[PDB]
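The structure under discussion appears below in the form of structure tokens.
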Protein chains: 2
Amino acid sequence: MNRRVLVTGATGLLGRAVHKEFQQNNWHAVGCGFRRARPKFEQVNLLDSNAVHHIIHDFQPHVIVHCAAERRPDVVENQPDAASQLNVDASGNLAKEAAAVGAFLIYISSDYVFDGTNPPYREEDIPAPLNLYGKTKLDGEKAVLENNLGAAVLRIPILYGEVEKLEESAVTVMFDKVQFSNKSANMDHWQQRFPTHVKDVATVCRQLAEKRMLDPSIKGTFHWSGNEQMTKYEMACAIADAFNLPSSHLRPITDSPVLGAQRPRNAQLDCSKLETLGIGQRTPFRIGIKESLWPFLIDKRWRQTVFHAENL
Amino acid sequence: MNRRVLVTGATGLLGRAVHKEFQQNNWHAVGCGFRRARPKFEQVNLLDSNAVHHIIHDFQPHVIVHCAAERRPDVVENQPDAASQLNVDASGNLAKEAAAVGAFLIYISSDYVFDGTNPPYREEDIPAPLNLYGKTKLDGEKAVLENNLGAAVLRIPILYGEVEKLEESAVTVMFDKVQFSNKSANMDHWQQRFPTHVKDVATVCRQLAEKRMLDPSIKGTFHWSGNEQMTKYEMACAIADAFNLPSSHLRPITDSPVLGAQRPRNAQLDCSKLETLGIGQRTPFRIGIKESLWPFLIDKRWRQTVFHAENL
Ligand SMILES: NC(=O)c1ccc[n+]([C@@H]2O[C@H](COP(=O)([O-])OP(=O)(O)OC[C@H]3O[C@@H](n4cnc5c(N)ncnc54)[C@H](OP(=O)(O)O)[C@@H]3O)[C@@H](O)[C@H]2O)c1
Ligand SMILES: NC(=O)c1ccc[n+]([C@@H]2O[C@H](COP(=O)([O-])OP(=O)(O)OC[C@H]3O[C@@H](n4cnc5c(N)ncnc54)[C@H](OP(=O)(O)O)[C@@H]3O)[C@@H](O)[C@H]2O)c1
Ligand SMILES: Oc1ccc(/C=C/c2cc(O)cc(O)c2)cc1
Ligand SMILES: Oc1ccc(/C=C/c2cc(O)cc(O)c2)cc1
Ligand SMILES: Oc1ccc(/C=C/c2cc(O)cc(O)c2)cc1
Ligand SMILES: Oc1ccc(/C=C/c2cc(O)cc(O)c2)cc1
């Protein structure tokens, strides 16, 4: 489309895919990053209200896709006031600036706003976050929707895609456990997950934006999710199957974990609202994960002691 | 050549170029990294003696080019025992393992081992480091040459090349000062520097390795440097000239700085020993820097307030 789009968090796992989607569909796509921004992207600290103000009013975007967030529970628990400032305050300020320029803001939220006791969750179901991250994401939605009426909230589950490091994604972190066949690996078989490709969420954003460019009623809360239900165990096995690797060493743990009280068992998102717009894309997990992980597939060759016990 | 080469610090500024040089010249090049290793390279902590031992004896390299180091004076001063462990202890252990496999080790050193009072410095001139970094690099040479007789030390000056971030290189960090023409910039015109392209140091490593594969006398201390003498000011102006940008805003400071007592004024390296082997390559600074920085050249376009005073 002949429109301008600004993508916050363009250096991140989802942001990279959102920027690619828009750009490849001939939008004037401008991406934002921070530590990893330059040279590919704009270096804008979302915590600096003036920088945010200046790039938005200079670029004059039609759409703003807000991906930038603190999603790491290690940083959200250790630095709770820095997490709130980025996941809540920065989003709210972005909504104020989106409103001033007349830009359609898409706030990216999480399935972690729900307690995962009563799936599937419809957009207008009561959120009950069991962790501070979900609470910051929930308070982020409230901040966005308070300061910008026409904004949209897109709730999505566990993401995977082309990663810079295996730790960039909760699905991709377990690749090494699957590759070290000599050592038994304990894998969660309790929490129900819906692995979603960032490529597919990026399509949903572009489509939603493109719908809004013709229909002013495209606003509010939306849910997007992959339709393949999987536990971390089933995922680990699916990864093994994709690469034709053994999964005999992988042990399922059906029991609720120690931190299980702070994690939603099944926060399944009902996607009927978006499906009502004809919006959506679903890359089969076995295809998507193979695309994502093949560079990290260790070719032993000369590496005789690489799979050694005291190495990871 | 039909030989195997292991490059430590392959993720770093110099390491990336050394690995490319060897690989492009049909060597069996295997690169090592740490935080940025995967998927392109091997993840080996040089501080873990077992990991170092295992990769060296598995790969059985003919040559080892040791680039990995703590070169940041901010980390060398704040964490002096972690800097010594990597710049000294890890190098020495690498020399012990190079010796055990019968691999030609090239230790990359610095012009900062000299006090820069009596240039040009010949390889057998007395080193006198004015800072802890230079002292760790000097003690690194001693560690290497003590534990491996046949090893080579390659002393090089200020490096530049294709950077991931402008901060990756002391030459490239000043690009933003050169680009912000609206603000006057104070540039050092005291310390004499010899900006050297990593591409050119990488050629010198390959050539030295290839010479050693036929001549067992290729060992000891060597010096490599670009032949263009420049102060940070002259460099900043040369960068401006390369891109056809004004340099009127750039102010030279001929006076010795506050930290000037800890920096060698002119640690010019005499390269006659390598020139005696027919070794060397010299990319003209104006060509080399243009290749290195063009991705970081800001195209204003819609970015009206990007060059604003309260932004950098
Ligand atoms: N990852 C999942 O599994 C998943 C599941 C549901 C929803 N989400 C939601 O998805 C959204 C997307 O993020 P992600 O998963 O792709 O996370 P991400 O990989 O962690 O990336 C985070 C992004 O935040 C940017 N950022 C952080 N601080 C910034 C600052 N001060 N100024 C400007 N930018 C800053 C980063 O920039 P630099 O790196 O350049 O510094 C990076 O681009 C998030 O809102 C998240 O809550 C995550
Ligand atoms: N840069 C200059 O201007 C210049 C001038 C003269 C000589 N030097 C000398 O040139 C050599 C090359 O380095 P550089 O300038 O290219 O520096 P660099 O960019 O700082 O890169 C340092 C490298 O060190 C690796 N490393 C650090 N800790 C490690 C560990 N614990 N295990 C394995 N690898 C580790 C890094 O890996 P990860 O990033 O993957 O973690 C990175 O590859 C250095 O020895 C330096 O002293 C520098
Ligand atoms: O390595 C990692 C650190 C944190 C995360 C976040 C995972 C996640 C999973 C969901 O169902 C919803 C959500 O908002 C976030 C993933 C990988
Ligand atoms: O304590 C340890 C025991 C074994 C190892 C194996 C290391 C290793 C790392 C590589 O990238 C390739 C390889 O062939 C071997 C490391 C540490
Ligand atoms: O951003 C930076 C932090 C540290 C450095 C190191 C510079 C340097 C310059 C020399 O003449 C010799 C040397 O060993 C190192 C460069 C850039
Ligand atoms: O305090 C401040 C005053 C001005 C600015 C300018 C920001 C900016 C950043 C971009 O990547 C593009 C742009 O057009 C403008 C930032 C902070």
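Each chain in the structure tokens gets a letter, A, B, ..., in the order shown, and its residues are numbered from 1; ligands are numbered from 1 in order too.
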
Worksheet entry | Contact residues around region 24-30 of chain B with only C-alpha atoms at 9 Å, ignoring same-chain residues under 3 positions, as a PyMOL selection string | chain B and resi 1-8+10+19-21+41-42+59+61+206

Save out the residues we just selected, C-alpha atoms, as a CSV table (one decimal), in the first residue's frame.
chain,number,residue,atom,x,y,z
B,1,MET,CA,46.2,-23.2,0.7
B,2,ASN,CA,45.3,-26.9,1.6
B,3,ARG,CA,45.7,-26.3,5.4
B,4,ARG,CA,43.5,-25.8,8.5
B,5,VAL,CA,43.3,-22.5,10.4
B,6,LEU,CA,41.5,-21.7,13.7
B,7,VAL,CA,40.7,-18.0,14.3
B,8,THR,CA,39.9,-17.0,17.8
B,10,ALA,CA,36.3,-14.3,14.7
B,19,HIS,CA,38.4,-15.6,8.9
B,20,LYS,CA,37.1,-14.1,5.6
B,21,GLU,CA,40.7,-13.8,4.2
B,41,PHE,CA,31.0,-19.7,14.4
B,42,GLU,CA,32.2,-22.0,17.3
B,59,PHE,CA,40.2,-29.6,14.6
B,61,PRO,CA,44.7,-26.7,13.0
B,206,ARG,CA,47.4,-15.2,5.7

Worksheet entry | chain A contacts to chain B at 6 Å (only C-alpha atoms) as a ChimeraX atom specification | /A:39,58-59,295-296,302-303

Produce a table with one row for each residue of chain B that has an atom at most 8 Å from any atom of ligand 5, each row naming the nearest atom pair and its distance in Å at one decimal; use only C-alpha atoms and all ligand atoms; arrange rows by chain and rising residue number; format as a Markdown table.
| residue | atom | partner | partner_atom_place_in_ligand_line | distance |
| --- | --- | --- | --- | --- |
| B:71 | CA | ligand 5 | 4 (C) | 5.4 |
| B:72 | CA | ligand 5 | 4 (C) | 4.3 |
| B:73 | CA | ligand 5 | 4 (C) | 6.2 |
| B:74 | CA | ligand 5 | 3 (C) | 8.0 |
| B:109 | CA | ligand 5 | 14 (O) | 6.8 |
| B:110 | CA | ligand 5 | 14 (O) | 4.1 |
| B:111 | CA | ligand 5 | 12 (C) | 5.2 |
| B:112 | CA | ligand 5 | 12 (C) | 5.2 |
| B:133 | CA | ligand 5 | 14 (O) | 7.6 |
| B:134 | CA | ligand 5 | 14 (O) | 7.0 |
| B:137 | CA | ligand 5 | 14 (O) | 7.9 |
| B:156 | CA | ligand 5 | 12 (C) | 6.8 |
| B:157 | CA | ligand 5 | 11 (O) | 3.9 |
| B:158 | CA | ligand 5 | 11 (O) | 3.6 |
| B:159 | CA | ligand 5 | 9 (C) | 6.6 |
| B:166 | CA | ligand 5 | 1 (O) | 7.8 |
| B:167 | CA | ligand 5 | 1 (O) | 4.4 |
| B:168 | CA | ligand 5 | 1 (O) | 5.1 |
| B:169 | CA | ligand 5 | 17 (C) | 4.0 |
| B:170 | CA | ligand 5 | 17 (C) | 3.5 |
| B:171 | CA | ligand 5 | 17 (C) | 7.2 |
| B:173 | CA | ligand 5 | 1 (O) | 6.4 |
| B:193 | CA | ligand 5 | 11 (O) | 6.4 |
| B:194 | CA | ligand 5 | 11 (O) | 7.2 |
| B:195 | CA | ligand 5 | 11 (O) | 7.8 |
| B:267 | CA | ligand 5 | 11 (O) | 7.7 |

Worksheet item: In Å, with one decimal, what is the gap from CA of residue 226 (chain B) to CA of residue 281 (chain B)?
Response: 8.6 Å

As a CSV table (one decimal) with N, CA, C and O atoms, in the first residue's frame, please: the residues near region 248-251 of chain A (cut-off 7 Å, only C-alpha atoms, same-chain neighbours under 2 positions excluded).
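That gives us part_0.csv:
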chain,number,residue,atom,x,y,z
A,181,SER,N,21.8,-35.7,22.1
A,181,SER,CA,21.1,-37.0,22.1
A,181,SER,C,21.7,-37.9,23.2
A,181,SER,O,21.0,-38.8,23.7
A,183,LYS,N,22.7,-37.1,26.2
A,183,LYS,CA,22.2,-36.7,27.5
A,183,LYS,C,20.7,-36.6,27.5
A,183,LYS,O,20.1,-36.1,26.6
A,184,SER,N,20.1,-37.2,28.5
A,184,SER,CA,18.6,-37.2,28.7
A,184,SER,C,18.1,-35.8,29.0
A,184,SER,O,18.8,-35.0,29.7
A,185,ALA,N,17.0,-35.3,28.4
A,185,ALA,CA,16.5,-34.0,28.6
A,185,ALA,C,15.1,-34.0,29.1
A,185,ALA,O,14.2,-34.6,28.5
A,186,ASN,N,14.9,-33.3,30.3
A,186,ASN,CA,13.6,-33.2,30.9
A,186,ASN,C,12.8,-32.0,30.2
A,186,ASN,O,13.4,-30.9,30.2
A,187,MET,N,11.7,-32.3,29.6
A,187,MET,CA,10.9,-31.3,28.9
A,187,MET,C,9.5,-31.2,29.4
A,187,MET,O,8.8,-32.2,29.6
A,246,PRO,N,16.8,-38.1,16.6
A,246,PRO,CA,16.1,-38.9,17.6
A,246,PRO,C,15.6,-38.0,18.7
A,246,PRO,O,16.1,-37.0,19.0
A,253,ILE,N,7.5,-34.2,31.3
A,253,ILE,CA,7.2,-33.9,32.7
A,253,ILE,C,5.8,-33.3,32.7
A,253,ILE,O,5.6,-32.1,32.4

Discussion item. Please return, as a ChimeraX atom specification, all residues of region 119-258 of chain B that DSSP assigns to strand (DSSP E) on the basis of the backbone.
Written reply: /B:152-156,159-160,185-188,196-197,220-223,250-253

Practice prompt. List every residue of region 89-139 of chain B that DSSP, applied to the backbone of this structure, assigns to helix (DSSP H, G or I), and report them as an NGL selection string.
Written response: :B and (89-101 or 111-113 or 132-139)

Worksheet item: How many Å separate CA of residue 228 (chain A) from CA of residue 176 (chain A)?
Response: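 Pair CA of residue 228 (chain A) / CA of residue 176 (chain A) returns 22.3 Å.
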
Item to complete: Tell me which of A:62, A:219, A:263, A:122 sits closest to ligand 3, counting only C-alpha atoms and all ligand atoms.
Response: A:263
